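Written below as structure tokens is the structure these notes are about.
Computed from the coordinates by the stated procedures, all read-outs in this text should not be read as laboratory data. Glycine also receives a Cβ, built like all others from the backbone with ideal geometry; neighbour counts cover every protein chain displayed.
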């Protein structure tokens, strides 16, 4: 149950998630989960990244949830809960800009 999660920021906009993540103190992989702005029943995983080309920047990934109960960014890699999805992506970068490291302050 997601809203209990400290990394779950609930109803915050994309611009607010970027205000929070663009803090110079954030290392790559700093993240949060929030509601999608426009997709009903969907969430967005907002993640900080850093490179010499772009400096500090932020990526957003849509997380879909099936009525069948599975959560996923890619339908090929599904989870039984949002918590399991977060635990997996904290170990694997896969297609993300970086593996999930710490919750956005």
The relative contact order of the chain, taking Cα pairs under 8 Å that sit 6 or more residues apart, comes to a percentage of 25
Would you please state the base-10 log of I(q)/I(0) at q = 0.19, 0.21, 0.24 1/Å for the chain, with intensities from the Debye formula using one equal scatterer on every alpha carbon?
-0.92, -1.12, -1.44
Residue order, fewest to most surrounding Cβ atoms within 10 angstrom, among 1, 90:
1, 90
Could you work out [θ]222 nm for the chain from helices alone, using -39500 (n - 2.57) per DSSP H run of at least four and dividing by all its residues? Round to the nearest 500 deg cm²/dmol.
-4000 deg cm²/dmol
